[PDB]
Amino acid sequence: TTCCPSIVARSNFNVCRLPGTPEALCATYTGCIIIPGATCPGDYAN
């Protein structure tokens with residue numbers, strides 16, 4: 001679903017959305033993709 005390059009980007013995503021910032025905003029700012037599928041390979045599952 002929401003899957004980032006590295007965990008650093010995910011935590012960045014978390015901190016970004018901490019005050020309730022739009023997911024698309026933070027996802028784009030970090031580099032995290034929001035896909036309908038929950039399956040993310042370990043290659044990009046961070």
# chains A, B, ... in the order shown; residues from 1 in each chain; ligands from 1
>>> residues_around(residues="residue 39 of chain A", least_positions_apart="2", cutoff="7 Å", atoms="only C-alpha atoms", output="PyMOL selection string")
chain A and resi 1+37+41
>>> atom_distance(atom1="atom CA of residue 24 of chain A", atom2="atom CA of residue 5 of chain A")
15.7 Å
>>> select_by_dssp(residues="chain A", states="alpha helix (DSSP H)", output="ChimeraX atom specification")
/A:7-16,23-30
>>> write_last_selection(atoms="N, CA, C and O atoms", output="tab-separated table (two decimals), in the first residue's frame")
chain	number	residue	atom	x	y	z
A	7	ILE	N	13.26	2.97	5.39
A	7	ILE	CA	12.47	3.25	6.59
A	7	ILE	C	12.55	4.73	6.97
A	7	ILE	O	11.59	5.30	7.50
A	8	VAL	N	13.69	5.34	6.67
A	8	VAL	CA	13.90	6.76	6.93
A	8	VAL	C	12.79	7.59	6.29
A	8	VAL	O	12.25	8.52	6.91
A	9	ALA	N	12.42	7.24	5.06
A	9	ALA	CA	11.39	7.95	4.33
A	9	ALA	C	10.02	7.72	4.96
A	9	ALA	O	9.18	8.61	4.99
A	10	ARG	N	9.81	6.51	5.47
A	10	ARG	CA	8.54	6.17	6.12
A	10	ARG	C	8.38	6.96	7.41
A	10	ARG	O	7.31	7.51	7.68
A	11	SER	N	9.43	7.03	8.20
A	11	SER	CA	9.40	7.81	9.43
A	11	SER	C	9.23	9.29	9.11
A	11	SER	O	8.53	10.01	9.82
A	12	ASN	N	9.86	9.73	8.03
A	12	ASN	CA	9.69	11.09	7.53
A	12	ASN	C	8.22	11.32	7.19
A	12	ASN	O	7.63	12.34	7.55
A	13	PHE	N	7.63	10.34	6.51
A	13	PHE	CA	6.21	10.35	6.15
A	13	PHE	C	5.34	10.46	7.40
A	13	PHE	O	4.37	11.22	7.43
A	14	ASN	N	5.70	9.70	8.44
A	14	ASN	CA	4.98	9.72	9.72
A	14	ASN	C	5.05	11.10	10.36
A	14	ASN	O	4.03	11.65	10.77
A	15	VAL	N	6.26	11.65	10.45
A	15	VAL	CA	6.46	12.96	11.05
A	15	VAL	C	5.76	14.04	10.24
A	15	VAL	O	5.20	14.99	10.79
A	16	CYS	N	5.77	13.89	8.92
A	16	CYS	CA	5.10	14.82	8.04
A	16	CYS	C	3.60	14.84	8.31
A	16	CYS	O	2.99	15.91	8.42
A	23	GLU	N	-1.74	12.73	2.91
A	23	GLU	CA	-0.86	11.61	2.62
A	23	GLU	C	-0.14	11.80	1.29
A	23	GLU	O	1.06	11.53	1.19
A	24	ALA	N	-0.86	12.27	0.28
A	24	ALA	CA	-0.28	12.47	-1.04
A	24	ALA	C	0.86	13.47	-0.98
A	24	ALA	O	1.90	13.29	-1.62
A	25	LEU	N	0.66	14.53	-0.20
A	25	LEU	CA	1.67	15.54	0.01
A	25	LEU	C	2.95	14.91	0.56
A	25	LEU	O	4.02	15.01	-0.04
A	26	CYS	N	2.82	14.24	1.69
A	26	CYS	CA	3.96	13.66	2.38
A	26	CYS	C	4.59	12.53	1.59
A	26	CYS	O	5.81	12.36	1.59
A	27	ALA	N	3.76	11.75	0.89
A	27	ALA	CA	4.25	10.65	0.07
A	27	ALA	C	5.13	11.17	-1.05
A	27	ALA	O	6.19	10.61	-1.33
A	28	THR	N	4.71	12.26	-1.67
A	28	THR	CA	5.46	12.87	-2.75
A	28	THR	C	6.73	13.54	-2.22
A	28	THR	O	7.79	13.46	-2.82
A	29	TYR	N	6.60	14.19	-1.06
A	29	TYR	CA	7.73	14.87	-0.43
A	29	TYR	C	8.83	13.88	-0.04
A	29	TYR	O	10.02	14.19	-0.14
A	30	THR	N	8.42	12.69	0.38
A	30	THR	CA	9.37	11.66	0.80
A	30	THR	C	9.86	10.82	-0.37
A	30	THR	O	11.06	10.66	-0.58
>>> select_by_dssp(residues="chain A", states="strand (DSSP E)", output="PyMOL selection string")
chain A and resi 2-3+33-34
>>> write_last_selection(atoms="N, CA, C and O atoms", output="mmCIF file, in the first residue's frame")
data_model
loop_
_atom_site.group_PDB
_atom_site.id
_atom_site.type_symbol
_atom_site.label_atom_id
_atom_site.label_comp_id
_atom_site.auth_asym_id
_atom_site.auth_seq_id
_atom_site.Cartn_x
_atom_site.Cartn_y
_atom_site.Cartn_z
ATOM 1 N N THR A 2 1.161 1.776 1.176
ATOM 2 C CA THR A 2 2.118 2.853 1.289
ATOM 3 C C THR A 2 3.479 2.272 1.611
ATOM 4 O O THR A 2 3.727 1.773 2.709
ATOM 5 N N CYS A 3 4.341 2.309 0.626
ATOM 6 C CA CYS A 3 5.637 1.657 0.727
ATOM 7 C C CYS A 3 6.745 2.608 0.298
ATOM 8 O O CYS A 3 6.672 3.235 -0.765
ATOM 9 N N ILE A 33 5.277 5.511 -2.262
ATOM 10 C CA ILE A 33 4.188 5.276 -3.196
ATOM 11 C C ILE A 33 2.975 4.710 -2.473
ATOM 12 O O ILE A 33 3.115 3.896 -1.558
ATOM 13 N N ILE A 34 1.793 5.164 -2.866
ATOM 14 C CA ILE A 34 0.555 4.662 -2.291
ATOM 15 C C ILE A 34 -0.207 3.857 -3.334
ATOM 16 O O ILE A 34 -0.850 4.414 -4.224
#
